[PDB]
Amino acid sequence: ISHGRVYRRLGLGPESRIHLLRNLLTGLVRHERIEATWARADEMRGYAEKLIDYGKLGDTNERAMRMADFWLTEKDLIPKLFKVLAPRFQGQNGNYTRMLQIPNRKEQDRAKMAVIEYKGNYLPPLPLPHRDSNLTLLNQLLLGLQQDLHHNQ
Amino acid sequence: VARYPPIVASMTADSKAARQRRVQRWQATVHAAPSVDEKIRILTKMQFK
Amino acid sequence: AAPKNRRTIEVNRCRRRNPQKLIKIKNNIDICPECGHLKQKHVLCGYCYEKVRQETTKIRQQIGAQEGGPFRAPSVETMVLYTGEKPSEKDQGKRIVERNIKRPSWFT
Amino acid sequence: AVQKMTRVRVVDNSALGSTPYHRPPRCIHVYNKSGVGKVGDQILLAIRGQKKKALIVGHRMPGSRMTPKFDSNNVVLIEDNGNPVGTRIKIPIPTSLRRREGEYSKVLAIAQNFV
Amino acid sequence: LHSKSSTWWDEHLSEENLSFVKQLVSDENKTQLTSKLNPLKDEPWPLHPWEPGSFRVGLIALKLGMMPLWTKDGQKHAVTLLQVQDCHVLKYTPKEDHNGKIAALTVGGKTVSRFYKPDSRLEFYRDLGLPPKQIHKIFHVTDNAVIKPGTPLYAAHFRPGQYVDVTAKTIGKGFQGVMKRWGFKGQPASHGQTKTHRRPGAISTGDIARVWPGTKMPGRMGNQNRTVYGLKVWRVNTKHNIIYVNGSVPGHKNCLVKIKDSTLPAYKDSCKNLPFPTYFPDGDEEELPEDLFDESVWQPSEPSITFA
Amino acid sequence: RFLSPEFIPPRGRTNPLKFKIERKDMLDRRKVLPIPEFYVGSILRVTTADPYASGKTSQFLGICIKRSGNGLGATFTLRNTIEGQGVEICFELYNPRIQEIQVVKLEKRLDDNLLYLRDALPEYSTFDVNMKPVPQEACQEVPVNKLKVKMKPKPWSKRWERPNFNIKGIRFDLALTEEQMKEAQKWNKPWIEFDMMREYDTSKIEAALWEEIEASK
RNA sequence: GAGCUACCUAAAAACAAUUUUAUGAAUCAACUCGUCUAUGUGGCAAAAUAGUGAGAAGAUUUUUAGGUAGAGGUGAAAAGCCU
Ligand SMILES: [Mg+2]
Ligand SMILES: [Mg+2]
Ligand SMILES: [Mg+2]
Ligand SMILES: [Mg+2]
Ligand SMILES: [Mg+2]
Ligand SMILES: [Mg+2]
Ligand SMILES: [Mg+2]
Ligand SMILES: [Mg+2]
Ligand SMILES: [Mg+2]
Ligand SMILES: [Mg+2]
Ligand SMILES: [Mg+2]
Ligand SMILES: [Mg+2]
Ligand SMILES: [Mg+2]
Ligand SMILES: [Mg+2]
Ligand SMILES: [Mg+2]
Ligand SMILES: [Mg+2]
Ligand SMILES: [Zn+2]
């Protein structure tokens, strides 16, 4: 009975759900790497990317400026979003934020966690997953097949 | 010509900066008070130890 | 509604030892290549992740000291430099965070 | 959807019902297998301490596409023998009554307008 | 450790291999599909003539959605769109082994990925030489109308006019109350009804000291296989293999269905006029138009309907 | 470039192939019958054949109060009052028994819906049956009539004063006291206008559709 | 055992704005009360909560100390109260 309802139910209601995401987003737009429960971090991820879309539009656009105010509680971050975050992402058209699952919380609450960040941040690189090198047994065999097929092609 | 919002603390937030801005609001009423007797009343209407 | 009879330990032992109530074993545990501590395949390694976050706190603490105020976030790009490193020409006009320690291996 | 107790507008010229006084006539009975009565459905109407059969010519409920939805529930008073009580009907009457199963040609003759 | 491990196709593939593997599989599917594109030139089974009492095979189609349609009488008929996608006969059981009086054919459709299927299913499809299909279904087919396994099937199997029957799983609505599931009247909201508004009434009779089996009680609704009968075929789009079926068809949009010749008594012998085994475009007996319409249907681009 | 609203697909999980088929049928009809550009609030005259009558057509004139539907199911409702009796008819764009659609007056109104005219005075919805068409300038912006209607007594079919409707074409001040207006704002729901995931961006789709629509010509 | 409660003595306190007038009059807060419905029912509660209601310058409410004790006390009488 909640089929196609993209949104979650968080906070004390619809408005509260909007105000909790405004705080994670402002922390993200400020620190560029923020932690939260997997559910809430994933809920924001859509909102996080769309700010860059408005930032790309530019300062002059009235709609971008107005939106950047409701979604940035601290008012020292609107200049940053437009003048450093937006220039960085001009080349890209998507994939602004990187989300990964940090182990469960060691709090006695034991909630699922995730770390969300902005790509190209100055902070130390996250321990991302690494796929096996082409030299590994299985990988090397496939490469031999590719060479054979490329010759056949 | 980007009409950025002023970089000031929030009025209703529970923070020291937000508290200080609310204090300035109270002092504003004193500044714009028309008469001296009203000025004194606003200053001392609240009693603390 | 109240129980009409005491339930025997045999019936109780049938309900609480059912397969549906047991802990299902985890098959996705592995060994982190770098540190060797245990991790789930679809999750990051806490030991390695803790190193990154500990460095992040130190960098963020240094940033806080420099700014010295709530609304002092710089629009210009941020950058972190360690002892023995000097800003390049391409890095001109970028905020610099100074760290006493040497450049960590994971940090590039 | 005309049902029991509905106040209805007698769009006619009959002296008994067309005169503008007394409470709006209320529906007592709907001559359908279902309670809801739509355009072209007979209904029993109570007027001034009397029971008079009427005919629905329009209603406020949305209908099928290309059909006229009126802003008020309109009805026409019909004698027991089928002859309409009123001699004229000036407000437009929908033309679907012609092909609906039943006897409506008499009303169409009385109704000058057509929508 | 010395224990069972969990793995998937991507776990080991490297960056370069990841794209190559996702590309090599795509190349193989095209080649396999092309190999079966010519049924009649691949040792087809004998094509016996039609006689009274014959039952044909049926297709499995994807439910794209609905759209309006008009007839030359001016009436609008809500019609649904069903797309045939990679509908290939898979297996042919004989009369005796099938356990029925009639033989049975399996008709799969809607090719799917190969990376998340059990090894047994992949092996069966590899022998058949076709890409795996999302769903299997069984059609009761007389011996005369048998088709060789691996024969591709297309929307030309049907023609405008023929009444057809469609069956598929209904939309799953989850655990629901007695009111919504079975349309129970329920209890009034006011006048003193205390905590009883949507609950079932009296389960059963008191004296029997039990509840009759099959009683209507709260439970999961939907997600149950259901069939709709006597649905006319308004139009057939050869290019996109889309059949226009009157009214509503069970299932959600993009849900696979089982289209089949209607079993109603009036439609007992409607298969005679249509292709008896099936239509083979590779045969190229006749080149059909892109869109096939019924006589009553008002085709677009025709003059506006006038009720003279 | 005026793209008819029905062409733009609604979001969902439906495959594009369903829309492509519908557009092809729709474009074919447009060749036979031209659907003139019109917006909510324009006065239209529609000629449709009557199945009940024998070889006879009918015309209805009214202001277009609502545009709804997608694809071949697109519909529009045009309203008028005859002999003091208000009438509304919902018309299907591509119904094969429509002979002609005429835009008597091409104009736009402050609101995307004119349903509130039911609660307005009769004059604001009355239109002459035989009113002649006005000249139109293609190389112009569609005229935006900013008339604010006057309402009848307070009990309305809907609570138009409420923020959800967002009506900008009613003279609330004459009909409603300031205290009532403040009460309506308790249902404002201000957050909705600022959630970036409620926005359906059709920039690429509108560009893609226009080329294909123009390509058919 | 009258620190609850019925009653009384003494010493005290509270009552905005509005309209009447010159008041056991009116609208309505603080405050007092407890008509109705709903929830609760080992409850937040051994009588509450959410709404809705009655009075609100008076036979008014409240505070402090004291007095009346069981064959009794008190009672604008419900055989009501007296831990
Ligand atoms: Mg559901
Ligand atoms: Mg979901
Ligand atoms: Mg404080
Ligand atoms: Mg009910
Ligand atoms: Mg209830
Ligand atoms: Mg809708
Ligand atoms: Mg209503
Ligand atoms: Mg005392
Ligand atoms: Mg007393
Ligand atoms: Mg007073
Ligand atoms: Mg009392
Ligand atoms: Mg009162
Ligand atoms: Mg009184
Ligand atoms: Mg008084
Ligand atoms: Mg008594
Ligand atoms: Mg006691
Ligand atoms: Zn590790």
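Residues numbered from 1 in each chain as written, not as in the entry; some residues may be left out. Chains lettered and ligands numbered in written order. Part of a larger assembly, values for the part shown. Heavy atoms only, no water.

Looking at the method and resolution fields of the entry, one finds cryo-EM and 3.62 Å.

Per the PDB entry, chain E goes by Large ribosomal subunit protein uL3m and derives from Mus musculus. The header of this PDB entry states its title as "Mouse mitoribosome large subunit assembly intermediate bound to NSUN4, METRF4, GTPBP7, GTPBP10 and the MALSU1-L0R8F8-mt-ACP complex (without uL16m), State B1 (SAMC knock-out)". UniProt, in its Subunit section for chain E, records the words "Component of the mitochondrial ribosome large subunit (39S) which comprises a 16S rRNA and about 50 distinct proteins." Taken directly from UniProt, the Subcellular location text for chain E runs: "Mitochondrion". (UniProt positions renumbered as here; feature names shortened; annotations may be inferred.)

Looking up chain A in the PDB entry gives the name Large ribosomal subunit protein bL17m, with the organism given as Mus musculus. In its Subcellular location section, the UniProt record describing chain A reads: "Mitochondrion". Recorded under Sequence similarities, the UniProt text for chain A is reproduced unchanged: "Belongs to the bacterial ribosomal protein bL17 family."

(A) Region of interest: the state of the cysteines. Here the structure, examined in full by the defined rule, presents zero disulfides over all chains. Here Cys255 of chain E is not disulfide-linked; the sulfur of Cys87 of chain E is the nearest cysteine sulfur, at 15 Å. The closest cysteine sulfur to the non-disulfide-bonded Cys64 of chain F is located on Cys90 of chain F, 9.8 Å from its own sulfur. A residue is classified by how much of its surface remains accessible, and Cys64 of chain F, at 0% relative accessible area, is buried. (Disulfide = S-S within 2.5 Å. Buried < 20%, exposed > 50% of the residue type's maximum accessible area, 1.4 Å probe, protein only.)

(B) Focus on the coordination of the zinc ion (ligand 17). All names here are of chain C. Ligation of the zinc ion (ligand 17) by protein atoms is provided by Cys32 (SG), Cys35 (SG), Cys45 (SG) and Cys48 (SG), these donors lying 2.3 Å from the ion. Each of the four donor atoms around the zinc ion (ligand 17) contributes to a set of angles spanning 99 to 127°, which defines the coordination as tetrahedral. One chain supplies every donor for the zinc ion (ligand 17), spaced along it as C-x2-C-x9-C-x2-C. Of this pair, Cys35 sits in the loop between β1 (29-31) and β2 (38-40) while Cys45 is found in the loop between β2 and α2 (46-67), placing the two residues 10 residues apart along the sequence. Given the relative accessible area of 25%, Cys35 is considered partly exposed. (Donors = N, O, S within 2.8 Å, 3.2 Å for Na, K, Ca; no water. Tetrahedral: all angles 85-135°; square planar, octahedral: opposite > 155°, others 65-115°. Helix = DSSP H or I, 4+ residues; strand = E, 2+ residues; numbered from the N terminus.)

(C) Structural context of the nonpolar core. Residue and element names in this part refer to chain F. If you look at the biggest cluster of nonpolar residues, it comprises 53 residues, and the most contacted ones within it are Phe76 and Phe91. For this core, the elements supplying multiple residues, two or more each, are α1 (16-32), β1 (43-49), β2 (57-68), β3 (75-82), β4 (85-92), β5 (98-105) and α4 (203-216). The greatest single-element share of this core, amounting to five residues, is contributed by β2. Ignoring sequence-local partners within four residues, the contact set of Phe76 consists of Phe38, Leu44, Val46, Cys64, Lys66, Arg67, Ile89, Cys90, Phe91 and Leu93. (Core = buried A, V, L, I, M, F, W, Y, C linked by side-chain atoms within 4.5 Å. Contact = heavy atoms within 4.5 Å.)

(D) Region of interest: the interface of chain A and chain C. The partner chain C presents 25 residues to the 24 residues of chain A that form the contact. Regarding the contact of chain A and chain C, the summed buried area is about 2200 Å², with carbon and sulfur atoms giving 60% of it. Taken together, the links from chain A to chain C amount to two salt bridges. Of the charged contacts, one joins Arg53 of chain C and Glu35 of chain A as a salt bridge, the two residues approaching to 3.5 Å between their closest N and O atoms. Where chain A packs against chain C, one counts five residue pairs in polar contact. Breaking the side of chain A that touches chain C down by element, the ones donating at least two residues are α1 (14-31), β1 (33-37) and α4 (78-88) of chain A. (Buried area = accessible area lost by both parts, 1.4 Å probe. Salt bridge = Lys/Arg side-chain N within 4 Å of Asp/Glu carboxyl O. Polar contact = N/O pair within 3.5 Å; in protein donor to acceptor, adjacent residues only side chain to side chain.)

(E) Spatial organisation of helix α1 (residues 16-31) of chain B. Between its first and last C-alpha atoms α1 of chain B spans 23 Å; for 16 residues at 1.5 Å apiece the expected length is 22 Å, and the two agree. Lining the buried residues of α1 of chain B we find α2 (36-44) of chain B. (Expected span 1.5 Å × (residues − 1).)

(F) Examining the packing of aromatic side chains more closely. Residues and elements named next belong to chain F. In this structure the tally under the stated criterion is 16 aromatic pairs over all chains. On the basis of an interplanar angle of 15° and a centroid distance of 5.8 Å, the ring pair of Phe76 and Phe91 is categorised as stacked. Of this pair, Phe76 sits in strand β3 while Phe91 is found in strand β4, placing the two residues 15 residues apart along the sequence. Of the two residues, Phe76 and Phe91, both sit in the buried class. (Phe/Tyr/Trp six-rings, centres within 6.5 Å; stacked < 30°, edge-to-face > 60°.)

(G) View of the pairing of β1 of chain F. Residues and elements named next belong to chain F. Most of β1 is tucked away: seven of the seven residues are buried. Here β1 shows two buried faces, one formed by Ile43, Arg45, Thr47 and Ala49 and the other by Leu44, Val46 and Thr48. As paired strands, β1 and β5 are joined by six bridges and run antiparallel to one another. Looking at β5, one finds that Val46 is bridged to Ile101. Note: β1 against β2, seven bridges, orientation antiparallel. (Pairing = 2+ DSSP bridges.)

(H) Focus on empty space enclosed by the protein. Applying the stated criterion across every chain yields a total of two cavities of 30 Å³ or more. Put simply, the largest cavity is a space of about 170 Å³. Its residues assigned to classes, the lining of the largest cavity shows 11 nonpolar, one polar and three charged. Taken as a whole, the second largest cavity spans an internal volume of roughly 60 Å³. Lining the second largest cavity, in full, are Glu32, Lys80, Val84, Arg88, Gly120, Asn121 and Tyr122 of chain A together with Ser75, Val76, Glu77 and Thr78 of chain C. Element by element, the count of residues in the lining of the second largest cavity is highest for α4 of chain A, at three residues. (1 Å grid on protein atoms, 1.4 Å probe; cavity = no way out; pocket = protein on both sides within 12 Å on 5 of 7 lines; lining within 4 Å. Points joined across faces, edges and corners; volume = space filled by probe spheres on them. Nonpolar A, V, L, I, M, F, W, Y, C, P; charged D, E, K, R; others polar.)

(I) Looking closely at the sheet that holds β1 of chain A. Taken together, three strands build an open sheet; the order of strands is β1-β3-β2 (chain A) and the sheet is antiparallel. Looking at which strands have only one partner, the edges of the open sheet turn out to be β1 and β2 (97-100) of chain A. Strand-to-strand twist in this sheet, taken as the mean axis angle between neighbours without regard to direction, amounts to 20°. Bridge count between β1 of chain A and strand β3 (residues 113-118) of chain A: five bridges; the pairing is antiparallel. Residue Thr37 of chain A lies in a different strand from β3 of chain A, and its bridge partner there is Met113 of chain A. Across the sheet, α1 of chain A lies against β1 and β3 of chain A, angled at about 155° from β1 of chain A, the strand it touches most. Of the strands in this sheet, β1 and β3 of chain A are in contact with α2 of chain C, which crosses β1 of chain A at around 125°. (Axes fitted to C-alpha atoms, helices over the stretch in contact; angles between N-to-C directions.)

(J) Focus on α4 of chain F. Residues and elements named next belong to chain F. A rise of 1.5 Å per residue sets the reference length of α4, with its 14 residues, at 20 Å; its end C-alpha atoms lie 20 Å apart and thus fit the reference within 8%. Buried within α4 are the following residues: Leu209, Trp210 and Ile213. For α4, the buried positions fall inside an angular range of 105° around the axis, keeping them on one side. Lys217 occupies a position one or two residues after α4 and carries a positive phi of about 40°. (Arc of directions from axis to C-beta.)

(K) Molecular detail of the layout of surface pockets. There is about 1100 Å³ of room inside the second largest pocket. If you trace the second largest pocket, you find 33 residues lining it, with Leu128, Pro129 and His130 of chain A together with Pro33 and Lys39 of chain C closest to the centre. Mapped onto the lining of the second largest pocket, the elements with two or more residues apiece are α5 (137-152) of chain A together with β1 and α2 of chain C. A total of three residues in the lining of the second largest pocket trace back to one element, the largest contributor, which is α2 of chain C.

(L) Looking closely at the arrangement of the chains. You won't find any contact between chain D and chain E; their C-alpha atoms come no closer than 10 Å. At no point do chain B and chain F touch; the closest pair of C-alpha atoms across them sits 17 Å apart.

(M) Structural context of the sheet that holds β4 of chain F. Here we have six strands laid out as an open sheet, ordered β5(D)-β4(F)-β3(F)-β2(F)-β1(F)-β5(F), and antiparallel in their pairing. Two strands lie at the open edges of the sheet, namely β5 (68-70) of chain D together with β5 of chain F, each paired on one side alone. Within this sheet the neighbouring strands show an average axis-to-axis angle of 35°, counted without direction.

(N) Spotlight on unusual backbone geometry. Unlike most non-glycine residues, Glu43 of chain E shows phi in positive territory, near 60°. Mapped onto the fold, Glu43 of chain E is located in the loop between α1 (15-35) and β1 (60-67). The phi dihedral of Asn166 of chain F falls on the positive side, at around 65°, and the residue is not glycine. Relative to the assigned elements, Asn166 of chain F resides in the loop between β7 (144-145) and α2 (172-175).

(O) Expanded view of the pattern of salt bridges. Within this structure, the stated rule accounts for 38 salt bridges over all chains. One salt bridge in this structure joins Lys75 of chain A and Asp69 of chain A, with 2.4 Å as the shortest N-O distance. Accessibility expressed as a relative area gives 25% for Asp69 of chain A, which makes it partly exposed. Here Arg118 of chain F makes a salt bridge to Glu88 of chain F, at a shortest N to O gap of 2.7 Å. With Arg118 of chain F in the loop between β6 (108-109) and β7 and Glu88 of chain F in strand β4, the pair connects residues that are 30 residues apart, well separated along the chain. Linked through salt bridges whose partners overlap, the residues forming this network are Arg8, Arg17 and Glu43 of chain A.

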